[PDB]
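Numbers here simply count residues along the sequence, with the first being 1. In listed order, ligands and their atoms are each counted from 1. The figures here come from the full heavy-atom set of this structure, side chains too, leaving out hydrogens, waters and symmetry mates.
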Amino acid sequence: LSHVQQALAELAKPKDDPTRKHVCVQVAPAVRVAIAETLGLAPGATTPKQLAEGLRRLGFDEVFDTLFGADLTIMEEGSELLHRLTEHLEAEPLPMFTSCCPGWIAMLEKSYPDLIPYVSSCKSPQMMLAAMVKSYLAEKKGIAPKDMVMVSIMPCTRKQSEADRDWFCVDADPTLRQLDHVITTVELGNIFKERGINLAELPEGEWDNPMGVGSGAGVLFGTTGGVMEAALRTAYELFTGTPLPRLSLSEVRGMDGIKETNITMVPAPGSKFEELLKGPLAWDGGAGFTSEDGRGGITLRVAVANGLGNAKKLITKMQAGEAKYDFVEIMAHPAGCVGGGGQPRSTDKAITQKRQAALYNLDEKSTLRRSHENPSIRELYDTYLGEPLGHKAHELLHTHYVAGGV
Ligand code: SF4
Ligand SMILES: O=S([O-])[O-]
Ligand SMILES: [Cl-]
Ligand code: NA
Ligand code: NA
């Protein structure tokens, strides 16, 4: 009936029931930090592996970290960004908009269909992971996609509408969903409480690797700063041969909910990028500089807009040419996903700051991890997907947009 009820019905089946399916769950980071609040505790007061244990006790056959999907998104979108940059250094338009927030995608399609060509063709992390589970993992385990159920726990309900886009299906059969059911943080919390499960008192469980082999979640130790920042890093580090530090965006004067930064990029010596330098949105042709000796570069102008109302104001200035950016992330909630509409309600005005702070442990925050270094990701491309942006990657991990909405 409801997606929660459908999910629980599948989990209710005995595992030796002939009609039992292989029921998988994936979990967003914003969920892991906020779920403790459903018990009246502080953000982060329950550990990620306590949650994994709780989910396994509900009956899930696989418990995945959505960050695995996010590593795919970083690979694809980093490649996409670099490709667009390359094309515009040679004379797929710039600026490029990210695509992970379904609140943005809905407003894009309904109110800004002329901007569609500028948006990343990448699916979200949850949809990339889901597509891979019902293709690669299904084949590896010898399970018919028909007998796989994919559930995600998300900080917002509208990840369901993302999941429901018709062509997010297996082998062109729209009844065979890549991602079946989305459950929110609060909904999951209520499931635990109704069953007398206290997450804070559980032993640590374990994650499953979407590759179907190896221990753990298939995600390396450390943090990325998110999909937008890591897509940037991927492109930057290839272009320059130098590391991109963790970003610190600064607030824009006289524009609510907008943060920005400028990234100067000098092409790596002897690279093709060094040789290269040597529509509705008025793109100024990029911000370029050059030195006397011939060591010039380009400056990449980046923006993050949180809140759709705030995003509309940014778009107006961009259309007017009063604001120039090359890469832009639009998220529908003011604090981003930690502030999603499926999150617990608090009287604390600073709850989203507490959630953001508890999102990752300090040890992991001191380690920068990079998607292309993940052996599980490497394996998937080497043995199944081929190349980022290739045909197979396009089929499974990329999407399109529909003027007027779906
Ligand atoms: S910003 Fe809000 S609507 Fe968008 S993906 Fe995050 S929680 Fe969902
Ligand atoms: O989609 S809602 O939960 O913000
Ligand atoms: Cl996602
Ligand atoms: Na299992
Ligand atoms: Na495991």
Side-chain angles (χ1 to χ4, degrees), residues 3-4 10-11 15-16 20-32 34 52-53 55-74 76-77 98-107 120 122-133 137 140-141 143 147-165 168 178-179 182-189 205-213 215 217 224 226-228 230-231 306-308 329 331-345 352 397 399:
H3 282 285
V4 162
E10 300 282 15
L11 293 166
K15 291 190 164 171
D16 63 342
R20 172 73 194 209
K21 287 183 172 58
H22 202 80
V23 190
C24 310
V25 67
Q26 62 172 297
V27 182
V31 175
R32 318 210 279 276
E53 177 66 23
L55 290 165
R56 205 167 302 281
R57 294 200 182 181
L58 294 184
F60 284 105
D61 299 294
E62 311 288 344
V63 185
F64 299 138
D65 191 338
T66 299
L67 286 176
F68 188 92
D71 269 2
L72 295 174
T73 311
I74 289 163
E76 293 299 315
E77 198 164 357
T98 62
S99 62
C100 59
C101 178
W104 157 230
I105 293 304
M107 181 175 78
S120 170
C122 288
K123 291 159 99 157
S124 68
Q126 71 156 12
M127 287 317 306
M128 286 198 181
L129 178 47
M132 172 263 193
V133 162
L137 189 58
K140 182 185 172 63
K141 286 183 180 292
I143 300 174
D147 294 325
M148 306 273 297
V149 182
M150 173 58 60
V151 183
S152 71
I153 323 294
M154 288 289 145
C156 67
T157 62
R158 92 184 73 189
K159 277 285 168 181
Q160 183 70 63
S161 54
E162 179 190 272
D164 288 347
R165 297 168 75 89
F168 290 168
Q178 286 175 326
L179 204 166
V182 182
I183 301 177
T184 67
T185 306
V186 288
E187 283 171 345
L188 179 62
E206 59 182 53
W207 298 91
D208 299 289
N209 188 326
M211 294 307 283
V213 286
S215 67
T224 58
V227 172
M228 198 230 69
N306 289 278
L308 291 185
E329 173 137 285
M331 307 293 290
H333 289 95
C337 296
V338 293
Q343 296 282 65
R345 298 299 109 183
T352 55
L397 309 181
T399 182

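Looking only at N/O/S atoms, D61 comes nearest to the Na ion (ligand 4) through O.
Between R56 and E53, none of the side-chain N atoms (NZ, or NE/NH1/NH2) sits under 4.0 Å from a carboxylate O, so this pair counts as no salt bridge.
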Are there any N/O pairs under 3.5 Å between ligand 2 and the protein, and if so, what are their distances?
{"unit_1": "ligand 2", "atom_1": "1 (O)", "unit_2": "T157", "atom_2": "N", "d": "3.2"}
{"unit_1": "ligand 2", "atom_1": "1 (O)", "unit_2": "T157", "atom_2": "OG1", "d": "3.2"}
{"unit_1": "ligand 2", "atom_1": "1 (O)", "unit_2": "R158", "atom_2": "N", "d": "3.0"}
{"unit_1": "ligand 2", "atom_1": "1 (O)", "unit_2": "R158", "atom_2": "NE", "d": "3.1"}
{"unit_1": "ligand 2", "atom_1": "3 (O)", "unit_2": "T157", "atom_2": "N", "d": "2.8"}
{"unit_1": "ligand 2", "atom_1": "3 (O)", "unit_2": "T157", "atom_2": "OG1", "d": "3.3"}
{"unit_1": "ligand 2", "atom_1": "3 (O)", "unit_2": "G342", "atom_2": "N", "d": "3.4"}
{"unit_1": "ligand 2", "atom_1": "4 (O)", "unit_2": "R158", "atom_2": "NH2", "d": "3.4"}
{"unit_1": "ligand 2", "atom_1": "4 (O)", "unit_2": "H333", "atom_2": "NE2", "d": "3.2"}
{"unit_1": "ligand 2", "atom_1": "4 (O)", "unit_2": "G341", "atom_2": "N", "d": "3.1"}

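Between the side chain of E329 and the main chain of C100, no donor-acceptor pair closer than 3.5 Å is present.
No side-chain donor from either of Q126 and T66 sits under 3.5 Å from a side-chain acceptor of the other.
For the Na ion (ligand 4), the N/O/S atoms of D208 include none lying under 3.0 Å.
Contact check for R165 versus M127: no side-chain heavy atoms found under the 4.5 Å cut-off. Looking only at side-chain heavy atoms (C-beta outward), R345 and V186 stay at 4.5 Å or farther from each other. Residues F60 and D208 form no side-chain contact, since every pair of their non-hydrogen atoms from C-beta on lies 4.5 Å or further apart.
Under the side-chain hydrogen bond (donor to acceptor under 3.5 Å, both in side chains) criterion, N209 pairs with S376, sequence neighbours left out.
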